[PDB]
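*Asks:* Sharing a structure here in structure tokens format.
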Amino acid sequence: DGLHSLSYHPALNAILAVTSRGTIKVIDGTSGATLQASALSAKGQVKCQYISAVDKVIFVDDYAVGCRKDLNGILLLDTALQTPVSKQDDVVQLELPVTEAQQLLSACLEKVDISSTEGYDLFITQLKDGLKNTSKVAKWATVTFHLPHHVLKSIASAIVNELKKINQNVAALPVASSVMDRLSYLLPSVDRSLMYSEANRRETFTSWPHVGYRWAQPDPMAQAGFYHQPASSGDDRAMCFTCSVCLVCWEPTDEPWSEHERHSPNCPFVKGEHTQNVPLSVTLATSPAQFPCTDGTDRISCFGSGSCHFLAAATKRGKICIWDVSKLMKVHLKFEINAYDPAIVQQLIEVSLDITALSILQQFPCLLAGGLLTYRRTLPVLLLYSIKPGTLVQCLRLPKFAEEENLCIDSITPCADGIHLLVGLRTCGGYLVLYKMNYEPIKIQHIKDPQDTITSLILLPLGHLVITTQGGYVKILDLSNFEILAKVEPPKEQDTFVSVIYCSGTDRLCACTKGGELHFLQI
């Protein structure tokens with residue numbers, strides 16, 4: 001069919017290719033064998049770029065920005081672009097690994113009698129057929145529940161309750177806890193029973209007085225199973241969700257697991273038993289997509305990330321969202337872009353503004369968007385907004401030729417080395433202008449050939465660059481003087497290369513053609 005894009009996961013050895021059909025194909029980065037072919041449950045072009053600074057796979061559809069981390073060495077893709085529902089009657093989608101699917105199916109068929117629960121027949125039917133169909137591809141296989149939120153929640157709660165009643169520690173208890181927590185997140189609409197998930201325990205620590213401790217920090221404390229339930233001012237009261245242990249008056253040398261084990265070796269969580277715990281690793285690996293707009297009505301045009309703890313996106317209506325994507329993907333700031341700004345009204349020398357490229361800069365942090373102003377003439381410019389909010393720090397008019405050459409920005413990437421910013425301009429056959437980061441350009445280059453119009457950028461570590469041109473020729477290159485290292489040519493009529501990526505783990509570059517083939521180029 002066609003791939004149309006590419007990204008690479010270094011923590012894994014998986015190449016995440018988009019497909020012209022809107023699905024995502026994960027193929028092996030060492031042998032090129034297909035590991036999985038999963039549709040993200042999206043609603044338009046599908047984005048899949050893995051971000052290295054944040055260490056997460058950021059998917060984007062026209063409407064929502066999914067952000068899935070890896071778990072147990074794979075990614076759960078079947079619902080990366082599923083957004084939270086509002087009514088319990090709404091059918092949620094929820095994928096489980098084949099192994100966890102077997103855990104749940106067995107514990108339902110051999111361990112408990114949660115049958116007669118609302119919509120139990122649909123649940124068992126889906127699990128059975130999912131496991132039958134799938135009967136290294138196995139490590140990535142999954143089974144997806146498509147069930148009314150209440151059916152899935154009731155069945156998960158029933159399984160948890162019965163597995164807690166029989167008290168026989170079976171693998172299905174954590175799987176049902178994971179299903180329950182995922183549902184809790186899919187319907188956003190101290191309680192000791194809500195601490196079975198690592199995220200809840202972490203959020204409990206908001207008043208932890210020992211932020212200076214090397215090992216007793218809230219993140220490790222929640223990881224070890226503790227949650228903070230202060231009883232008085234400055235009270236460092238940490239209780240385990242399942243153990244019933246309670247600890248106080250911590251010391252700098254304390255380490256969560258150490259104190260937990262010495263103070264209660266019998267805890268099922270400390271022993272590594274199959275408890276109800278839902279680690280942050282499963283929350284991050286299945287968190288639901290999030291709309292940038294307060295309604296999600298618009299289309300998404302930009303999903304630029306920063307070298308920094310931050311992701312950003314822009315919608316066609318001028319609303320821009322910025323997520324503290326460190327772990328929790330909590331929306332950090334949403335603001336509005338208005339072309340009639342004090343900076344823009346001057347730098348223009350009726351009007352509308354459309355953002356087309358985004359980026360955030362780090363070694364005070366700033367959001368650097370690329371915009372096209374449309375009076376009626378047009379002009380591509382840079383826009384430096386604040387984050388730490390919505391105040392347009394600097395509108396930067398690009399050199400004069402962009403006024404009449406009918407160009408719009410198409411990419412903005414931080415320099416491979418840093419302290420430098422490469423901007424690219426295409427027509428609404430292009431320009432590459434390099435700015436020195438400002439803690440007019442410091443360099444410029446013009447491309448004239450219509451078969452050398454850029455169609456991608458990898459910006460290998462002024463570092464290096466690897467693009468793909470309209471002619472289908474990737475031009476692995478160095479930015480110091482713009483020297484072509486190897487303008488590889490498309491294979492066979494010709495099958496034009498459409499994108500490239502670099503495998504930090506295997507050192508072999510990958511190229512993907514429009515036709516959908518994959519070629520390994522050595523460097």
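Order determines the names: the first chain of the structure tokens is A, the second B, and so forth; residues in each chain are numbered 1 upward, and ligands are numbered 1 upward as they are shown.
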When DSSP works through the backbone of this structure, what residues of range 120-225 of chain A end up as alpha helix (DSSP H), shown as a ChimeraX atom specification?
*Replies:* /A:120-134,137-140,149-166,172-186,198-204,218-223
*Asks:* Residues near range 326-336 of chain A, anyone? I mean within 7 Å using only C-alpha atoms, not counting same-chain ones fewer than 4 positions away, as number ranges by chain.
*Replies:* A: 54, 284, 309-310, 318-322, 390
*Asks:* Could you give me, as JSON, numbers by chain, the residues within 8 Å of residue 98 in chain A, counting only C-alpha atoms and dropping anything in the same chain fewer than 6 positions from it?
*Replies:* {"A": [131, 134, 138, 139, 140, 141, 142, 143]}
*Asks:* Given the selection you just returned, output its residues as a file containing N, CA, C and O atoms, formatted as a compact mmCIF listing (two decimals), in the first residue's frame.
*Replies:*
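As written to disk, again.txt reads:
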```txt
# COMPACT_ATOMS: atom_id res chain seq x y z
N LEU A 131 -7.75 -14.00 21.55
CA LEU A 131 -6.68 -14.97 21.73
C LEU A 131 -6.67 -16.02 20.63
O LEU A 131 -5.60 -16.51 20.25
N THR A 134 -4.84 -14.54 17.35
CA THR A 134 -3.39 -14.48 17.49
C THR A 134 -2.76 -15.85 17.69
O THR A 134 -1.52 -15.95 17.68
N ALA A 138 4.50 -12.52 18.50
CA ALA A 138 3.70 -12.86 19.67
C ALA A 138 3.95 -11.89 20.81
O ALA A 138 3.04 -11.60 21.59
N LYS A 139 5.18 -11.39 20.95
CA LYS A 139 5.47 -10.44 22.02
C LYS A 139 4.70 -9.14 21.84
O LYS A 139 4.46 -8.43 22.83
N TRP A 140 4.31 -8.82 20.61
CA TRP A 140 3.60 -7.58 20.32
C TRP A 140 2.09 -7.77 20.16
O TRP A 140 1.37 -6.78 20.07
N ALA A 141 1.61 -9.01 20.12
CA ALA A 141 0.20 -9.25 19.87
C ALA A 141 -0.65 -8.69 21.01
O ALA A 141 -0.20 -8.56 22.15
N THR A 142 -1.90 -8.36 20.68
CA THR A 142 -2.81 -7.78 21.65
C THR A 142 -4.24 -8.20 21.31
O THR A 142 -4.54 -8.62 20.19
N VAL A 143 -5.11 -8.08 22.31
CA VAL A 143 -6.55 -8.28 22.13
C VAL A 143 -7.25 -7.04 22.66
O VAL A 143 -6.94 -6.56 23.75
```
*Asks:* Please identify all polymer residues within 10 Å of residue 49 in chain A, counting only C-alpha atoms, omitting same-chain residues fewer than 5 positions from it, and present them as a PDB file with N, CA and C atoms, in the first residue's frame.
*Replies:*
```
ATOM      1  N   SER A   5       5.671   7.521   6.073  1.00  0.00           N
ATOM      2  CA  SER A   5       6.398   8.131   7.182  1.00  0.00           C
ATOM      3  C   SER A   5       7.182   7.048   7.913  1.00  0.00           C
ATOM      4  N   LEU A   6       7.974   7.483   8.891  1.00  0.00           N
ATOM      5  CA  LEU A   6       8.823   6.584   9.660  1.00  0.00           C
ATOM      6  C   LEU A   6       9.257   7.252  10.955  1.00  0.00           C
ATOM      7  N   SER A   7       9.486   6.420  11.967  1.00  0.00           N
ATOM      8  CA  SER A   7      10.191   6.821  13.174  1.00  0.00           C
ATOM      9  C   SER A   7      10.847   5.576  13.752  1.00  0.00           C
ATOM     10  N   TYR A   8      11.742   5.781  14.713  1.00  0.00           N
ATOM     11  CA  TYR A   8      12.513   4.686  15.281  1.00  0.00           C
ATOM     12  C   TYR A   8      12.510   4.797  16.797  1.00  0.00           C
ATOM     13  N   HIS A   9      12.385   3.657  17.476  1.00  0.00           N
ATOM     14  CA  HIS A   9      12.374   3.638  18.933  1.00  0.00           C
ATOM     15  C   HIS A   9      13.703   3.107  19.447  1.00  0.00           C
ATOM     16  N   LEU A  16       8.652   2.335  13.667  1.00  0.00           N
ATOM     17  CA  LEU A  16       7.224   2.627  13.641  1.00  0.00           C
ATOM     18  C   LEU A  16       6.951   3.373  12.342  1.00  0.00           C
ATOM     19  N   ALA A  17       6.407   2.671  11.357  1.00  0.00           N
ATOM     20  CA  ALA A  17       6.051   3.264  10.081  1.00  0.00           C
ATOM     21  C   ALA A  17       4.556   3.539  10.057  1.00  0.00           C
ATOM     22  N   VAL A  18       4.176   4.690   9.516  1.00  0.00           N
ATOM     23  CA  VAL A  18       2.770   4.954   9.244  1.00  0.00           C
ATOM     24  C   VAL A  18       2.435   4.201   7.965  1.00  0.00           C
ATOM     25  N   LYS A  56       9.009   9.176  24.722  1.00  0.00           N
ATOM     26  CA  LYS A  56       7.662   8.662  24.529  1.00  0.00           C
ATOM     27  C   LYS A  56       7.340   8.715  23.045  1.00  0.00           C
ATOM     28  N   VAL A  57       6.373   7.906  22.631  1.00  0.00           N
ATOM     29  CA  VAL A  57       5.922   7.882  21.247  1.00  0.00           C
ATOM     30  C   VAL A  57       4.690   8.771  21.158  1.00  0.00           C
ATOM     31  N   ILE A  58       4.836   9.917  20.505  1.00  0.00           N
ATOM     32  CA  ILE A  58       3.766  10.896  20.379  1.00  0.00           C
ATOM     33  C   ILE A  58       3.081  10.662  19.041  1.00  0.00           C
ATOM     34  N   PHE A  59       1.870  10.124  19.085  1.00  0.00           N
ATOM     35  CA  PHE A  59       1.018  10.006  17.913  1.00  0.00           C
ATOM     36  C   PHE A  59       0.137  11.242  17.822  1.00  0.00           C
ATOM     37  N   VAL A  60      -0.271  11.580  16.606  1.00  0.00           N
ATOM     38  CA  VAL A  60      -1.177  12.698  16.388  1.00  0.00           C
ATOM     39  C   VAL A  60      -2.083  12.368  15.215  1.00  0.00           C
ATOM     40  N   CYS A  67      -0.073   9.934  23.347  1.00  0.00           N
ATOM     41  CA  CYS A  67       1.298   9.918  23.857  1.00  0.00           C
ATOM     42  C   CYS A  67       1.487   8.619  24.633  1.00  0.00           C
ATOM     43  N   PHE A 303       2.503  19.692  15.889  1.00  0.00           N
ATOM     44  CA  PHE A 303       2.740  18.927  17.107  1.00  0.00           C
ATOM     45  C   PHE A 303       4.206  19.014  17.501  1.00  0.00           C
TER      46      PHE A 303
END
```
*Asks:* Find the spatial neighbours of residue 124 in chain A, counting only C-alpha atoms, within a cut-off of 10 Å - ignore same-chain residues fewer than 6 positions away - and output them as a PyMOL selection string.
*Replies:* chain A and resi 104-105+108-109+115+130+145+155
*Asks:* In Å, rounded to a single decimal, give me how far CA of residue 425 in chain A is from CA of residue 487 in chain A.
*Replies:*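 Between CA of residue 487 in chain A and CA of residue 425 in chain A the gap works out to 20.9 Å.
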*Asks:* So, counting only C-alpha atoms, which residue among A:482, A:269, A:497, A:227 is closest to residue 199 in chain A?
*Replies:*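 Once distances to residue 199 in chain A are computed over only C-alpha atoms, the minimum belongs to A:227.
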